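Just the one chain here, the form deposited in one PDB entry, laid out as structure tokens.
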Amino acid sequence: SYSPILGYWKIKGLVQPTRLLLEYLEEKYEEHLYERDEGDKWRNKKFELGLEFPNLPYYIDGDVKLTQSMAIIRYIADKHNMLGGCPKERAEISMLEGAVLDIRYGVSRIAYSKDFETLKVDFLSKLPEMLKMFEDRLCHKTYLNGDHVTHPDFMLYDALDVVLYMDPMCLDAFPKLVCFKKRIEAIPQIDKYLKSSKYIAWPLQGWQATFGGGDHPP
């Protein structure tokens, strides 16, 4: 059975937590990566993939042809029996999910604004309230759902990576989160991935973004 395909821009963006989950699980996959100058190339292929809701990212494995980043990461998790063993645990994991997205989408939704520098002040003013809930969550816990890794762990990791670019001191007040970020980096298969040529360091958002864009870090 062939390697499934993960299609996306050559950026971190929406799919970075999925990459980390895949690498955590030591799953084989191949990426179809779209470059900065391949917009027309993508548009010419977008409607020729059998996708119900054509978009990036997409995931194709011979059983599914998916779009929506959260459907994709949840499918991979689900195929490894990680979404939760009953309605209460599935709800817990979806709740963790959404709370992470409040941070990650909080970034994405202002990153392309001409008025980023201003909107950034409001986001960073609210951010400690969001981080505090995760700091608390990690009291005497190894991962967000206890002693075992779940996909929101990699979502949170990505969110922390990204907000540190917006303000390198924003975790100084949250030592358990700083520790969590290091703990994820100390998973050997993640360590190996981050050191590999498959790791995409930059950009964070699309290249044209005001925050987290461009070909290289500022």
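Residue numbers here begin at 1 and follow the sequence given. In this text, rigid core is short for the largest set of C-alphas that superpose within 1.5 Å between two forms.
**Student:** When the core is superposed, where do the C-alphas shift more in 8 other deposited structures of this protein: in 35-43 or in 150-158?
**Tutor:** Result of the core-fitted comparison in 8 other deposited structures of this protein: 35-43 deviates more.
**Student:** Taking RMS over all structures and residues, which stretch has CA atoms farther from the shown form in 8 other deposited structures of this protein, 65-73 or 44-52, after a rigid core fit?
**Tutor:** With the rigid core superposed, the C-alphas that lie farther in 8 other deposited structures of this protein are those of 44-52.
**Student:** Of 36-44 and 50-58, which one has the bigger average CA B-factor?
**Tutor:** Taking the mean C-alpha B-factor of 50-58 and of 36-44, the larger value falls to 36-44.
**Student:** I need to verify one thing: averaged over C-alpha atoms only, is the B-factor higher for 23-31 or for 173-181?
**Tutor:** Here the higher of the two C-alpha B-factor means belongs to 23-31.
**Student:** Taking the values straight from the PDB record, which of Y143, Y112, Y75, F134 has the highest C-alpha temperature factor?
**Tutor:** If I rank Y143, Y112, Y75, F134 by C-alpha B-factor, first place goes to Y112.
**Student:** Is the Cα B-factor recorded for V121 in the lowest, middle or highest third of its chain?
**Tutor:** Highest third of the chain for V121's C-alpha B-factor.
**Student:** Using only modelled residues of the chain, where does the Cα B factor of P203 rank: lowest third, middle third or highest third?
**Tutor:** It belongs to the middle third of the chain when residues are ordered by C-alpha B-factor.
**Student:** Sorting the chain's modelled residues by C-alpha B-factor, tell me whether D191 ends up in the lowest, middle or highest third.
**Tutor:** For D191, whose C-alpha B-factor we compare with every modelled residue in the chain, the answer is the middle third.
**Student:** Sorting the chain's CA B-factors, does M82 end up in the lowest, middle or highest third?
**Tutor:** Answer is middle: the recorded C-alpha B-factor places it there.
**Student:** Where does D147 sit by CA temperature factor within its chain: lowest, middle or highest third?
**Tutor:** Its C-alpha B-factor belongs to the highest third of this chain's values.
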